[PDB]
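These notes concern the structure reproduced below.
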Amino acid sequence: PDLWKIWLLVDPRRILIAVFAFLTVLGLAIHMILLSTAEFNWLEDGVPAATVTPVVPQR
Amino acid sequence: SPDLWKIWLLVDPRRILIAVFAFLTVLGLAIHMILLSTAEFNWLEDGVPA
Amino acid sequence: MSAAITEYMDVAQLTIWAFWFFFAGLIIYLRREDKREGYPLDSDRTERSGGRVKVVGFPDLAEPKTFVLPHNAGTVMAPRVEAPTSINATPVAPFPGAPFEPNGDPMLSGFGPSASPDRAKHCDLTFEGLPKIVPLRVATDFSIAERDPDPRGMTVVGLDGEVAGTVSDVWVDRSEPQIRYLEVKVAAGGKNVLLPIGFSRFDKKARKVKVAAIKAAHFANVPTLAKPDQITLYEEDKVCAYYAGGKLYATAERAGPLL
Amino acid sequence: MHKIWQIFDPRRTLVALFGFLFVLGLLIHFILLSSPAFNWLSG
Amino acid sequence: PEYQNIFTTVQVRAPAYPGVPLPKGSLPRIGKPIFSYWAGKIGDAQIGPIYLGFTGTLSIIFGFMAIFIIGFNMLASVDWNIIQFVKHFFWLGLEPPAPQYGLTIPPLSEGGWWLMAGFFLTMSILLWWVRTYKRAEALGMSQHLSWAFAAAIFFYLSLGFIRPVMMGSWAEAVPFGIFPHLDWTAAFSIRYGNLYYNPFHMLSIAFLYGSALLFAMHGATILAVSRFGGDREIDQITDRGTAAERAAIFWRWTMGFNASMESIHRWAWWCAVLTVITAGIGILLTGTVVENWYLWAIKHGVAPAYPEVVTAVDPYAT
Amino acid sequence: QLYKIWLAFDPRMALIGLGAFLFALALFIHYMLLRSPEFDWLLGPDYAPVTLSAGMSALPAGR
Amino acid sequence: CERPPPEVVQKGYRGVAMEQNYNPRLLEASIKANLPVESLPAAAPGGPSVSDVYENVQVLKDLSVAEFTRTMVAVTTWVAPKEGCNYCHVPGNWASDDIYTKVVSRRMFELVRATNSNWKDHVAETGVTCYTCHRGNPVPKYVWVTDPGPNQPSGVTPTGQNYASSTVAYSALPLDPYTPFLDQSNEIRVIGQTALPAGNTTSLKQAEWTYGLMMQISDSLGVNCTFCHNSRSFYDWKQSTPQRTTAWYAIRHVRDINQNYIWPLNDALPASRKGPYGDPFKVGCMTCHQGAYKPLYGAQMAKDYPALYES
Amino acid sequence: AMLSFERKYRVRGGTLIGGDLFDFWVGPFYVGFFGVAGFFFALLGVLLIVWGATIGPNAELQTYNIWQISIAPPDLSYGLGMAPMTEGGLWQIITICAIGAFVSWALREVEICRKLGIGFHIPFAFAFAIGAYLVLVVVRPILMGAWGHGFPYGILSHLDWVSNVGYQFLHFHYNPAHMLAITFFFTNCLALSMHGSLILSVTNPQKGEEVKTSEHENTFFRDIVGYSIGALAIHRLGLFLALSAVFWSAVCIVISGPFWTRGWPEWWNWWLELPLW
Ligand code: BCL
Ligand code: BCL
Ligand SMILES: CC[C@H]1c2cc3[nH]c4c(c3C)C(=O)[C@H](C(=O)OC)c4c3nc(cc4[nH]c(cc(n2)[C@@H]1C)c(C(C)=O)c4C)[C@@H](C)[C@@H]3CCC(=O)OC/C=C(\C)CCC[C@H](C)CCC[C@H](C)CCCC(C)C
Ligand SMILES: CC[C@H]1c2cc3[nH]c4c(c3C)C(=O)[C@H](C(=O)OC)c4c3nc(cc4[nH]c(cc(n2)[C@@H]1C)c(C(C)=O)c4C)[C@@H](C)[C@@H]3CCC(=O)OC/C=C(\C)CCC[C@H](C)CCC[C@H](C)CCCC(C)C
Ligand SMILES: CC(C)=CCC/C(C)=C/CC/C(C)=C/CC/C(C)=C/CC/C(C)=C/CC/C(C)=C\CC/C(C)=C/CC/C(C)=C/CC1=C(C)C(=O)c2ccccc2C1=O
Ligand SMILES: COC(C)(C)C/C=C/C(C)=C/C=C/C(C)=C/C=C/C(C)=C/C=C\C=C(C)\C=C\C=C(C)\C=C\C=C(C)\C=C\CC(C)(C)OC
Ligand code: HEM
Ligand code: HEM
Ligand SMILES: CCCCCCCCCCCCO[C@@H]1O[C@H](CO)[C@@H](O[C@H]2O[C@H](CO)[C@@H](O)[C@H](O)[C@H]2O)[C@H](O)[C@H]1O
Ligand SMILES: [Ca+2]
Ligand SMILES: [Ca+2]
Ligand SMILES: [Fe+3]
Ligand SMILES: [Mg+2]
């Protein structure tokens, strides 16, 4: 009800810079974490029934 | 929102334009890199067409 | 040729021994260089011998080297004979190695942390021959950076929190641009005194300069400058040493011990 | 041309150009020596 | 707390100093000097001008050629894939010629590029040494820096040129790469029986450790007496102030002896210089007069013996 | 009359000093329980160690 | 980032720092991933013999029919549990050799019997079982082929190194140590055994190749170099551990497996079981060990199957 | 005996503990309370090392060879308890004496700083070296769970400890904090040679020249690298580089085994497995 008083303490340009930068980094980090898993890597999980040389088993 | 234009009194469009353009370019580069590193979505190494 | 000098001696063993001989000579050289100042030593050994035994240790002293000063300021010899200087203190006990207690007011004694040598009564000079440490009112091309607060006008506060004065001017180094002294208008007397930047802790929010070395009352006794717009090397030492004496003398508890 | 010495110092230009030419000359000789087909110091 | 003189609280701005005038006929300094606020927080604000003379130009041209060759070969090693170049950059390298080539020039990708990069980098370093010598000479200064640089160059030349020539093999030399030259460093110690037992490696470490010890000692000492102007060491050398006296007295009371304001810089100079001098000697002795440093240590009674709590049957003794 | 601590210790330093000490002590004790396998709650409530059979040994022979 | 303390195994003198460090939770996961298969109940004594009943039995001739059937049930679980007996057999015909998997598996029986009977300097009464490599997979998970390294421009000779590879535990060392040392018999020793030079012309580069092999050995066993060495003298057998002696025989054992059992099977094997160079999927360390100091952490399965020992 | 300018500085007071009890000098040394404590901490530790060398690992291997003398920590089986004197207990006692001596040395430096009215940078800097030693013999052994993880007290034997600890991670060069610490060590040595050279070349110029100025000093490195840090700041930098080297060296060893048990090159797999490549 009286929460608008917070920007009387903090410059509301820098906070806008901070929240965008923090949200972007957080958004990228969560995406990287999901991509690093086998369960939630949406590009290499086979579904939607992927269509794509001798192999090197050790490497 | 109908009153969103009042942001620009706090952020100079010079800094906004550079930051937006630099971030988008890196984002587009990063996403292309991510796709190229996958076998399924590497359009250059997938062998299609022919 | 080969790696084996004898059945046991080999080239690497010779090389490491060769280094030890060079290194021994290097340490002897470095120690001799170390002894260009403060030697022969002030010793009881010399005192009872009537000066007949000069205490130099090993290695002995090197032949005097020559420092030719710029702008015809003179020539100094690094190993030089220095006249004995009396100390405004007396031993706290009669055994050797005992410390001395300053005589009179310790802040004014010129002893201990408040002691200083008598440097030359000439100003340090820039490469162009101008005095190096000068107020901002004569170094007109110098300025405070925009992002930093101007020291001028700030309230100078002693170690006790009591107000000592205000910052009238800032003394800058004209060779390497930086603050070296803060000219303080003393609240009690009004006579301007210098305050080294090393004893000044800035409080940017409060616009206060906090001096933990000395109290507000101690500012009245800071050594003064002969000329108002320049400071000699001798005066620089006198001013800095006075504030340093406060780190030990200003308050009784500063003498210690803690417990 | 003739004005290229009006906006370029002759001294800085010449030492730089000779430096590049000397480095380039060394590089080509090195490449030829690396090539077995053009090493003139072989049999 | 008291001002620790770690960061400049209030910075002073003056017109940019062009620098001490150079002798007549010298090239002018290039670059319009600028002031960096954050550089001035820890040090001097002024950036530039720089002297880029004839020698510096040649050093830059030679240096870029060597660096370009290294980076090109790193890119070629990942088959031109710039994405894989970034991923593997620390692991990539320009690798020295194979052992079978001896000291001969091999084909480009078999060590030929490495030799060119080695030669061009060496030339640029040598030209940079001449530049440091000339800059001191142009200011009427002594050549302490160029001597110390020559000592570092001696070690650098020992690693990549002098030792490989003495062993008659470019394959002994250092790869041009971040992890590859760390692999070389480990393999060098492993190949020649534990470089820990190389006494000049021991000395080099003592001087490297001493360099950190001395600069920590001297850096802390000057900052501790900077309230008396101890930073102005020329003043304290020509006109000994209370800063030099208190600095010397502190160390005399601490460890029984002390240096002077000038001689501490001689201790500093020699400690750093001896780090690369003994490093070069230790490298030059390894593989030429000593094959196994641990076995050399055993012969000279340096390696300690441990009680045999674990041992292996030697399969070659069958 | 227990105010006297605040006449000899600044409220601000003690409160920050107390918070740093209490947070460090809590982190330390939480870590000590994690150090002990009996109180390692990060292993899960229904944590069962792997059963070893047929001459298995988790660790190689020691000394 | 791991949480201390690790489980530490001291192997040398105090203060020499010859220790194995194990993260207890990482060790727990590895043990759960390397659990043995429970042995089948022992076959009924006596009964008809293999030779009397079966025609095309060339290796397991000395078996009883009950023991022979027990072995086939065992190898089915060990090699092809998801494919059954028909993986290695023509349907309807047990004695037919008209499928490559039967020709290979017959040779694999000889590989196992030779290992359990003649390589005890390495496998030491624990022995091996088809499960030790296959772990219920027709293709063992951890095999190797001759590695060309990363693709190179056609005019560039590969260095074989300076490329982040898990084969050398993510260092820049030569990434294919299997081919020179575990298939061929290139000399691993590089260190001179005299204080002064006495003719050891081994290059520094060869030390990197040995370092690469030891990186693979240590990763394969989940141990560090001090498991077998006092690093102050890598060459010295007197300051080494008994496991270094076992590893020495294991290298020769692996060479024998690859040269005398896997390589002659190359023609029977399909193209999918071959590398770019055309060499077959080969056995190295980590094919049995799979990151553990002993395969299945020393689980003893072979002793319950008489078919896995030479007559 | 004092320096010819030293007598006016030998003031009473400034002690942390002891007051006038030990406030005196013995020759050049200031003693104070922590001079007495530190000296007899060092004296006992040194004598115990000599005694440790007198009995050796055993009577057969016992040696007075200065390279081969080694006082070894306990076996790891003793955990974090006390070991018998001849089985690592002597090492534990010497370690305690070493900590007592090192800390007393730092505290004696504090009292000297108070006497002279100078900054406390030197004892603060020395605390970093002490902290590195404490990490090696206390913090890391406790995190690992045994005093036997400390390095042995021997001129060459502690190199064998360093070697084997390094090879416990198969390639120690890949330790990231280790790489950072070496960079600081190498840069510090370079900075020290540069600072030593510049001061010497300015105060000992070519023959026939006067002593140079601070303007020459700034100009010289501006002429070479385009930037001069300044006469004051080079000492900030030298202190920063040396302290950062030791801080990161302490980090590198305390993460090697307590917070990382794998080979160090494998740690970089986080970068290799980034989905960008
Ligand atoms: C197939 C391999 C052949 C070979 C084929 C070629 C070919 C093709 C060329 C050379 C050229 C050169 N070769 Mg050849 N060369 C071989 C073997 C050698 C060997 C040797 C020991 O084996 C040496 C030392 C040389 C050396 C040389 C140089 C003389 C010359 C490169 C100079 C340069 O780079 O200027 C660059 C550096 C500078 C500083 C240039 C500026 C010169 C000065 C400063 C300006 C003076 C101006 C003056 C008035 C005008 C005359 C110019 C003169 C060069 C001085 N060659 C082998 C056998 N060589 C090149 C040449 O002829 O250039 C003249 C050339 O095109
Ligand atoms: C092992 C069994 C249980 C368990 C057993 C216990 C027991 C027993 C206790 C806790 C307690 C706590 N547990 Mg628990 N806890 C477990 C698992 C967890 C997990 C987890 C995800 O696993 C978390 C996040 C926690 C978290 C917590 C905290 C809520 C609490 C510690 C209080 C504290 O740190 O105050 C210290 C920090 C402060 C900031 C205190 C503030 C007071 C001061 C005066 C404020 C000064 C402010 C000033 C500005 C200074 C600021 C700090 C400085 C600037 C640095 N527990 C396991 C599962 N836990 C303790 C508790 O309940 O405390 C209330 C407690 O006794
Ligand atoms: C006492 C021993 C220590 C030491 C000493 C030492 N090093 C030194 C010196 C000394 C005394 C110098 O005088 C010299 C120096 O200049 O220092 C500032 C130097 C130096 N030590 C350096 C590095 C260095 N020192 C090291 C080590 C050490 N140096 C030892 C620990 C190390 C380590 C630990 O590996 C390194 C990496 C350099 C910073 C410098 C020598 C610079 C040099 O030789 O430069 C050659 C130039 C090139 C190879 C590159 C040129 C090509 C460019 C990259 C092209 C592209 C950009 C271009 C410049 C743009 C502008 C172009 C213009 C035309 C406009
Ligand atoms: C943190 C940055 C660097 C640094 C800084 C530093 N060192 C310092 C200081 C500072 C600021 C001091 O003020 C203090 C000093 O006064 O120096 C002259 C000191 C000092 N650094 C010293 C040594 C030293 N510093 C080292 C390192 C470093 N010092 C860092 C690289 C090393 C290395 C790398 O090995 C050594 C050997 C001393 C010369 C001195 C401290 C003297 C001291 O504490 O004296 C009291 C103790 C004794 C006289 C003897 C104690 C003996 C013990 C009781 C028994 C032995 C125990 C020991 C563990 C044996 C181990 C032996 C084997 C390892 C061979
Ligand atoms: C009652 C009774 C008898 C008691 C016993 C006596 C007691 C208690 C004595 C107290 C002191 C004690 C405990 C002594 C016992 C232990 C002993 C003998 C210690 C000796 C001191 C000691 C550890 C010496 C080691 C010195 C060594 C080997 C290395 C130090 C590093 C080194 C190479 C320094 C050389 C360079 C120097 C001198 C640097 C100091 C120095 C620096 C760093 C400056 O920047 C500076 C700037 C301007 C002027 C001067 C200086 C200066 O002198
Ligand atoms: C701007 O640059 C671009 C982008 C264009 C390209 C940049 C690429 C990059 C990023 C390259 C990065 C390279 C890196 C990171 C290199 C790292 C190198 C390291 C760490 C090297 C470390 C040590 C190397 C040493 C010590 C090598 C010494 C070699 C010597 C001394 C060799 C001398 C050889 C000679 C003199 C050859 C003599 C033979 C003669 C006869 C010439 O041969 C014909
Ligand atoms: C007696 C038990 C074993 C049986 C029955 C067996 C069976 C087989 C079969 C049928 C194949 C071919 C599979 C295919 O290509 O689809 C095969 C291949 C292979 N086996 Fe075994 N094997 C046994 C033991 C072992 C052991 C102990 C090792 C390890 C030393 C091993 C390593 C391999 C390898 C490397 C291959 C090649 C990869 C492949 O073609 O699948 N096997 N085995
Ligand atoms: C990554 C850590 C390791 C390093 C740095 C390392 C280093 C070396 C080196 C340099 C050699 C050559 C010795 C010589 O020249 O005389 C070697 C040989 C050997 N290493 Fe390792 N090693 C490591 C790990 C291991 C492990 C864990 C084992 C045991 C499983 C092992 C067993 C052996 C054996 C048996 C030899 C002798 C091989 C032969 O002579 O054919 N090593 N090692
Ligand atoms: C050491 C550097 C300075 C740190 C100061 C603290 C030093 C160590 C603190 C003292 C702790 C002593 O704690 C005591 O240790 C011994 C030795 O492990 C333990 O002894 C126990 O383990 C040892 C070996 O692990 C067994 O031989 C013994 O059978 C068993 O009782 C005691 O059960 C324990 O009571
Ligand atoms: Ca998908
Ligand atoms: Ca495509
Ligand atoms: Fe200095
Ligand atoms: Mg390599």
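Below, all heavy atoms of this structure are taken into account, side chains as well, without hydrogens, waters or symmetry copies. Here is the naming used below: chain letters follow the sequence lines, and residue numbers restart at 1 for every chain.
Ring pair H:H216/C:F127 is perpendicular by interplanar angle, where above 60° counts as perpendicular and below 30° as parallel. Relative orientation of the C:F19 and C:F23 rings is parallel, given thresholds of 30° and 60° on the angle between their planes.
No part of H:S228 comes within reach of chain C, as not one of its non-hydrogen atoms sits under 4.5 angstrom from that chain. Using a 4.5 Å cut-off between heavy atoms, C:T126 contacts chain H through both its backbone and its side chain. For a residue to count as touching a neighbouring chain, one of its non-hydrogen atoms must lie under 4.5 Å from one of that chain's; by this rule C:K35 does not touch chain H. In this structure, the portions of C:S175 lying under 4.5 Å from any heavy atom of chain H include both its backbone and its side chain. Contact of H:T15 with chain C is made through backbone and side chain together, with heavy-atom distances under 4.5 Å. Both the backbone and the side chain of C:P70 come within contact range of chain H, judged by heavy atoms closer than 4.5 Å. Interface remark: C:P106 contributes no atoms to any contact with chain H (heavy atom separation under 4.5 Å). Contacts of C:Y243 with chain H are absent, with no heavy-atom separation under 4.5 Å from either backbone or side chain. Only the backbone of C:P40 comes within contact range of chain H, with heavy atoms under 4.5 Å apart. If you measure heavy-atom distances from C:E253 to chain H, you find no contacts under 4.5 Å at all. Within the 4.5 angstrom heavy-atom criterion, only backbone atoms of H:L116 (N, CA, C, O) approach chain C. Only the side chain of C:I87 comes within less than 4.5 Å of a heavy atom of chain H; its backbone N, CA, C and O stay farther away.
Exactly one of H:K115, H:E109, H:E111 qualifies for a side-chain hydrogen bond (donor to acceptor under 3.5 Å, both in side chains) with H:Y30. That residue is H:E111.
Not a single donor-acceptor pair under 3.5 Å links the side chain of H:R12 to the backbone N or O of C:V92. Remark: side-chain polar atoms of C:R80 are paired, donor with acceptor, to backbone N or O of C:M77 under 3.5 angstrom. Checking side-chain atoms of H:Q68 against main-chain N and O of H:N65 turns up no donor-acceptor pair under 3.5 Å.
Note: H:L16 leads H:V31, H:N204, H:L16 in heavy-atom pairs under 4.5 Å with chain C. Ranked by heavy-atom pairs under 4.5 Å with chain C, the list H:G13, H:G14, H:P28 is led by H:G14. Heavy-atom pairs under 4.5 Å with chain H peak, among C:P84, C:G112, C:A93, C:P117, at C:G112. Ranked by heavy-atom pairs under 4.5 Å with chain H, the list C:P113, C:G110, C:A98, C:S86 is led by C:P113. Ranking H:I17, H:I118, H:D20, H:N218 against chain C, the residue ahead of the rest is H:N218, based on heavy-atom pairs under 4.5 Å.
Judged purely by distance below 3.5 Å, without hydrogens or angles, the side chains of H:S214 and H:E217 never pair a donor atom with an acceptor atom. Side-chain atoms of C:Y242 and C:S116 include no donor-acceptor pair closer than 3.5 Å. Looking at C:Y181 and C:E236, their side chains do bring a donor and an acceptor atom within 3.5 Å of each other.
Under the 6.0 Å cut-off for aromatic ring centres, H:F172 and H:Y167 do not qualify, their centroids lying 6.0 Å or more apart. Aromatic rings of H:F39 and H:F29 (six-membered ring for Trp) have centroids beyond the 6.0 Å cut-off, not under it.
The heavy-atom pair separating H:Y153 from H:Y133 by the smallest distance is OH-OH, 2.7 Å.
A salt bridge links C:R119 with C:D237; the closest basic N to acidic carboxylate O contact falls under 4.0 Å.
Of residues 1-8 of chain H, those residues with a non-hydrogen atom less than 4.5 Å from any non-hydrogen atom of chain C are, in numerical order, H:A1, H:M2, H:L3, H:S4, H:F5, H:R7, H:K8.
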